[PDB]
Amino acid sequence: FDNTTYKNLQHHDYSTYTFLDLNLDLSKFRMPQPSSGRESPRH
Amino acid sequence: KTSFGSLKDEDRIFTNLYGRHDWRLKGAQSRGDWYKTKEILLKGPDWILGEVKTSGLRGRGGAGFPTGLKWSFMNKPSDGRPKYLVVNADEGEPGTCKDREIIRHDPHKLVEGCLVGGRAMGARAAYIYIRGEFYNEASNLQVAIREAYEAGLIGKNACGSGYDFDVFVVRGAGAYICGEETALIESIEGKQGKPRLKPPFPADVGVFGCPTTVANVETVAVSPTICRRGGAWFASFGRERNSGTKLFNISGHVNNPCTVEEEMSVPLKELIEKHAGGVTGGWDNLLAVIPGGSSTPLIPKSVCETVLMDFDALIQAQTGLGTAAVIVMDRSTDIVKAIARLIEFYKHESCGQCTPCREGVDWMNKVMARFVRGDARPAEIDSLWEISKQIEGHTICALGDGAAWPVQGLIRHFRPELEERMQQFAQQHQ
Amino acid sequence: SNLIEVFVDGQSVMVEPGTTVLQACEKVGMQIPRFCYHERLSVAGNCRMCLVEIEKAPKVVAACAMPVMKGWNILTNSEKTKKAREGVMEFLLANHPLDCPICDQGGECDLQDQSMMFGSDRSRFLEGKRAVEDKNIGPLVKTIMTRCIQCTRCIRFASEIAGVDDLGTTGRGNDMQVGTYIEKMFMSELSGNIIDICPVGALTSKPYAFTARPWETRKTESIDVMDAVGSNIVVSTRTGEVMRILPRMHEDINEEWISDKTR
Amino acid sequence: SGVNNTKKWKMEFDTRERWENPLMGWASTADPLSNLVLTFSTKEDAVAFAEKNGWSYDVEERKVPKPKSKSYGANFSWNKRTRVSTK
Amino acid sequence: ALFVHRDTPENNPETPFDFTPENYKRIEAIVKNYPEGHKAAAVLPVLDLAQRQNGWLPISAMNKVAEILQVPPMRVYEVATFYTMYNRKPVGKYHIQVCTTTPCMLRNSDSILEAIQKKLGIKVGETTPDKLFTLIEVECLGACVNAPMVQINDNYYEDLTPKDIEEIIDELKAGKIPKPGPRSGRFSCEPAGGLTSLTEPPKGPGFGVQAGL
Ligand SMILES: Cc1cc2nc3c(=O)[nH]c(=O)nc-3n(C[C@H](O)[C@H](O)[C@H](O)COP(=O)(O)O)c2cc1C
Ligand code: SF4
Ligand code: SF4
Ligand code: SF4
Ligand code: FES
Ligand code: FES
Ligand SMILES: [K+]
């Protein structure tokens, strides 16, 4: 049990694309999206 | 009980508030996160909402509506549309930084809360809207969400309960107004963050035009503990209808500005002295406090002596708990300038949609700039009071009310200061 | 059988579900003041000129958007309603330019007329006024956008009626501006109709500029011959000369629009 | 948008020649009824007045705007084209 | 500072821009996060991705985003001009953003702003001639208890003093990267001089759990 150190030092190596790379890796875990039935409100 | 405070560390919900333990899944699990989530999920929405209602929890985003009743607007049969939970992580109120610590140090509490809170409403997914300036915190949350997906805790058959749930994270682009619940929805839909009129209500027509519930990060993150430990445990802290613990941000002229979890209804003086190390220069040096983020009116030293930090106590003092961000100002502060800077903030944040705030807040900003220099007449103080009353209650969202209330608190408690500022200016230019 | 009962200043009226507070008032001959609302456009609810007191409710509601609940008593002439109108009109005029003598909308301006009938009779605005640069959107519609009150009628008309999504708002807050952002013409066979629906002199007829005043024109109700639709029109004349062509409302033909060729 | 000038019935006569005064270019007329406009509470009152005075008349039925269906929530439709793209 | 676009030789519809193949795969992931038939919801993330690739958003960048998502170009112009994190003009390699809202101002954010300008010899809203630094004042950045603070690009530097901020700028000039976070001596938001809470080790799984689960 150590209470005298900061254990959130990972975010010092995050870069420009870190967030959108993780979102790209999560894409395989997602469920199929619902559909409104048309390509868009202008269709 | 008649006195509140001194929350034992074993009764704190955000036990990694300071990030001195591992924030990833292994750390989270060791602290009790994700424990028996399957059993909670199989209890059913009615049981989950029962626990939240009995806990007496109230929304931590600033408005404080009873969470259990609010989440029950979703407990109704699907009409063919998907149902969504939107987690307000915009964290924009000046003085407020509580949601930042939850997101980056206890992300698995938020994720589990989304699942538990999403199950109670019957949602298929959760969108966690987070302000774009929190890039590193958003990345931490993205790492945690991947771990939850990898362990089978979210997604298909979440936790082994057979409930499918996705947790998406979407980033803002720099707008305080996007913390407003309906402007947040508009921002997710790729429009300008302009709040909607109500009705319809988000529980009927929300994100993508679908049933939606918008919940603050703190409100969602505490729900799993309330289910595990029960509403009765939560309702045992704080005054009646002011239940539970609360994250407080103490900033301004304190010795040790910090974030800390503390019982609801703890005295304001106790919170500042116990945790923040007291007012800079001692308690006698206190001028005023903004007890719940910039939108709440300030209260002077005399009121701050004995006021409790809960929803009903602070209303009694002509203010509000808000987000529980305590900004302390000592006697060296130029109180007129401090308030004038907050109006300038609301001028830069107004979405411009509706007339009273688009025009009124910029008007109040121009008047407050002259009040800082005393380049005004005393008759303008009552005019400025009336202008604020015209904005408040006549706008689409509460940002207009959040700009009128600070001005009223200044005029209410420091009118002699304003008048003496004008008298000085007149004497110099005569 | 579906109708519900509401009250407009104590007068009972029977309305269908979904009828707005503004429409209910219209059934007893009360026209609620408005700026952003147009019955042929989608509801916006931003000008806040239609705020009206509901009896026993502490907060005023935007009549143009709020559906009316059964049993509601709408107080269209109460002190709270009057003061809400005075406050909103005060904000609308705070940055409005002192342009009426040089502004073509003068004499047929909803801002002028609703200011006379519903707003206060004097100013207490002691600051300088906003000024906005003028955009160019073709040879038909002249823009003096310092007069714009940000009601978004033109934006809604272009997107929904004309089917063109080239008008929008740029910026935020007090600096929000209506326009095309880029230098772009709004050339649509229906483009001239934004002149009619703009409540102020922000969008005006370029050919008509400065030629006449509304009170001096004679109105002749006639028909259009530029196509086979038969759009109903008004021919404004003055001293034996044709000054301009306006749409005349006909629900079964042109509604309240005309083509740019007709106009 | 005001509708207060659409409450009452009017009676006017057919327009006749106006010409330019040679001296100043003003609009001259020889029609004594060029400015005559009468107001009536109902078309029946107006028809009665025109017949006792011996004028041939045309009566045009009053155009009243039909009731519309307005829904603010329609601006945010899940699957209908009524969804707006800007506010 | 202006919300109307005027074509210049450097910012016009023909100004070249296109997402790289790596960013197109990211775009396909962003869009898939929203229900079918609601692709316009990806305007903010995709527009922010264009900024990350290119540094700022020329009009041609906004035109490409509208084209990809099949939204009218004006609807992308509205988003670009509404949100303050989108750069419609080039900014320096390091976008220095100093919070000056009241909580940060009460802890002397002016001294941070004054120190930076003196160091870089510029003003608020100016870019250095070398085009390495752009300085601006921003509103509350959600890090008030760590005031005064600044954001440079994606990172927060907190608990600053005039000496600390000058150290950060020196490293940025040198080409290094300074670690984000407080510079006072605390790791995050905990009270300085010792914790007043969360000193006992946290309880394990199952602790305090009601019966019936
Ligand atoms: C201008 C403005 C900004 C707001 N910002 C936030 C915010 O950053 N976070 C938040 O939770 N609520 C914010 N709110 C309040 C939300 O609209 C809403 O009340 C809240 O998210 C509901 O969640 P809760 O019931 O759990 O508190 C804001 C409201 C306004 C008017
Ligand atoms: S009150 Fe201000 S922020 Fe809220 S909708 Fe109106 S203009 Fe926008
Ligand atoms: S729009 Fe109306 S109020 Fe404004 S200057 Fe023109 S006539 Fe006057
Ligand atoms: S130009 Fe006219 S119609 Fe368009 S928003 Fe401004 S006032 Fe309304
Ligand atoms: S007419 Fe209702 S808000 Fe404009
Ligand atoms: S006031 Fe500066 S981070 Fe909040
Ligand atoms: K007009």
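Residues displayed in chain B correspond, in order, to Swiss-Prot positions 29-458.
Header entry for method reads electron microscopy, 2.4 Å.
Including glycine, each Cβ sits where the backbone N, Cα and C put it.
Annotation comment: Swiss-Prot describes B:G87, B:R88, B:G89, B:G90, B:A91, B:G92, B:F93, B:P94, B:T95, B:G96 as NADH binding site. Look at Swiss-Prot and you will find B:199-247 tagged as FMN binding site, backed by similarity to another entry. Among the features that Swiss-Prot reports, [4Fe-4S] cluster binding site is placed at B:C379, B:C382, B:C385, B:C425. Per Swiss-Prot, the feature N6-acetyllysine maps to B:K81, B:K104, B:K375; the stated evidence is similarity to another entry. Annotation source Swiss-Prot lists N6-succinyllysine at B:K81, citing similarity to another entry. What Swiss-Prot records for B:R257 is omega-N-methylarginine.
Structural mapping of features recorded in Swiss-Prot.
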residue : record                        : Cβ contacts under 8 Å, 6 or more apart
B:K81   : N6-acetyllysine               : B:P94, B:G96, B:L97, B:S100, B:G259
B:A91   : NADH binding site             : B:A426
B:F93   : NADH binding site             : B:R86, B:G87
B:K104  : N6-acetyllysine               : none
B:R199  : FMN binding site              : B:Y157, B:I158, B:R159, B:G160, B:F162, B:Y163, B:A166
B:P227  : FMN binding site              : none
B:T241  : FMN binding site              : B:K98, B:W99, B:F101, B:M102, B:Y112, B:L113, B:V114, B:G145, B:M149, B:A151, B:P230, B:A231, B:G234
B:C379  : [4Fe-4S] cluster binding site : B:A203, B:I205, B:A211, B:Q220, B:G221, B:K222, B:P223, B:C385, B:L427
B:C382  : [4Fe-4S] cluster binding site : B:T423, B:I424, B:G428
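With respect to their backbone Cα atoms, B:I213 (FMN binding site) and B:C425 ([4Fe-4S] cluster binding site) stand 13 Å from each other. Summary: among the binding-site residues (B:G87, B:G89, B:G234), the fewest other C-beta atoms within 10 A of the C-beta are counted at B:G87. Under DSSP, B:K81 (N6-acetyllysine) is assigned to a helix (H, G or I) in the three-state scheme. The closest partner of the residue listed as 'omega-N-methylarginine' among the recorded positions, by CA position, is B:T95; the full candidate set was B:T95, B:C206, B:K375. Listed recorded positions: B:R199, B:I213, B:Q220, B:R257, B:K375. Those with a CB under 8 Å from a CB in chain E, in sequence order: B:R199, B:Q220, B:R257. Within 8 A of the CB centroid of the [4Fe-4S] cluster site residues B:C379, B:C382, B:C385, B:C425, the other residues of that chain are B:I205, B:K222, B:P223, B:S378, B:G380, B:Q381, B:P384, B:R386, B:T423, B:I424, B:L427, B:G428. Across the structure, B:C206 (FMN binding site) and B:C425 ([4Fe-4S] cluster binding site) are spaced 11 Å apart at their Cα atoms.
Using a Cβ-Cβ cut-off of under 8 Å to chain C, the recorded positions B:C206, B:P227, B:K375, B:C382 reduce to B:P227, B:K375, B:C382. Ranking the binding-site residues B:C206, B:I213, B:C385, B:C425 by the number of CB atoms within 10 A of their own CB puts B:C385 at the top. Closeness to ligand 2 is met by B:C379, B:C382, B:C385, B:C425, these being the binding-site residues among B:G87, B:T241, B:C379, B:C382, B:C385, B:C425 whose Cβ falls under 6 Å from the molecule.
Its own atom aside, the Cβ of B:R257 (omega-N-methylarginine) has 20 Cβ atoms within 10 angstroms in the protein chains shown. When the alpha carbons of B:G89 (NADH binding site) and B:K375 (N6-acetyllysine) are compared, the span between them is 21 angstrom. Candidate recorded positions: B:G89, B:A91, B:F93, B:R257, B:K375, B:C425. Those with a Cβ under 6 Å from ligand 1, in sequence order, are B:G89, B:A91, B:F93, B:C425.
Proximity to chain A (CB-CB distance below 8 Å) holds for B:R199 among the binding-site residues B:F93, B:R199, B:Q220.
Less than 8 angstroms from a Cβ of chain D: among the recorded positions B:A91, B:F93, B:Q220, B:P227, B:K375, B:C425, that describes B:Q220, B:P227.
Mapped onto three states, the DSSP output places B:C425 ([4Fe-4S] cluster binding site) in coil. The distance from the Cα of B:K375 (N6-acetyllysine) to the Cα of B:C425 ([4Fe-4S] cluster binding site) comes to 14 Å. Under 8 Å, Cβ to Cβ, and six or more positions away along its own chain, B:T95 (NADH binding site) finds B:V80, B:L85, B:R86, B:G87, B:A243, B:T247, B:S251.
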